[PDB]
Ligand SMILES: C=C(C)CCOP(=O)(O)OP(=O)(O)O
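Next up: just one chain, as structure tokens, the form solved without the named molecule.
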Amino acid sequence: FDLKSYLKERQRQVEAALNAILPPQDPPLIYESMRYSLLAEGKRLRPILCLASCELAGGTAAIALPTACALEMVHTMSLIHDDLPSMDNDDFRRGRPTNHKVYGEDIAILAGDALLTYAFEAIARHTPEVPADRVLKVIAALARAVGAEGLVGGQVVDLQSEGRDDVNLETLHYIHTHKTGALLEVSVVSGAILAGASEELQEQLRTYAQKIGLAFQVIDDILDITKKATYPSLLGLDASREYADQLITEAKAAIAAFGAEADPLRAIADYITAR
């Protein structure tokens, strides 16, 4: 399976969709700020996982593309807010000034707020050929994933953990499953819901997304060391490596029943451990 080629094609398609679904409008400054962060270079993993889960569950890319775009908008608003001086205080991201360094903190906050709202608008208004009740379940699932039970909850426990000496593995698990996991889970589940997948298929994809998310975090901590409590700091390097391998095993196991449709998802799992 040519993962490099699949990812490059899908990245191009998502970037073209994002550019078309949020065109330059009035007032020009707020649209420019939003698009400055949204159309910046990125892997587009969340939209790609949404389109791949839809296809695997028998749906078309077309029905899931608004939701795919929405997932990137929510991801983008979390980065804009996190770069703020009040939060991680970053002047640069991937070689490019951060939104607030170019437009001011006030415009950056507002660009984040407008992207979060546009995510919900795009799902509700533009999702084609899916019954309303299923589109509503996606709205509810995305709202749960991004808010205090998900992304925001994770950010808040992480902030409270800064410079503590007592951060344990339960705390680390909560932070990673909420700060990053919740949005990965809803990326795959939303694609499946739009396609009209069974609860069983939804739970399989949820398992896959949680596991690859945790795997990515364990391997990143390993690559850093290749006071912040990390998987290596608590488990030890060799135990961390085994944990990462167990997570990708359980991720691939969750989608073992399918054929060629699951190959892109299998390849993404493999790539993480190969990194």
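When you see a residue number, it is the position in the sequence shown, counting from 1.
There is also a form deposited with the named molecule bound; it is not shown, and the following applies to it.
Only one of 195 to 203, 83 to 91, 99 to 107, 125 to 133 places residue heavy atoms within 4.5 angstroms of the named molecule in the deposited complex, namely 83 to 91. Among residues of the shown chain, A114 is not one whose heavy atoms approach the named molecule to within 4.5 Å in the deposited complex. The named molecule in the deposited complex is not approached by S161, whose heavy atoms all lie more than 4.5 angstroms from it. Proximity of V167 to the named molecule in the deposited complex: non-hydrogen atoms within 4.5 Å are absent; the residue sits far from the partner. When the named molecule is considered in the deposited complex, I139 lies well away from it, no heavy atom lying within 4.5 Å. In the deposited complex, the residues of 135 to 155 lying within 4.5 Å of the named molecule by at least one heavy atom are, in order, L151, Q155.
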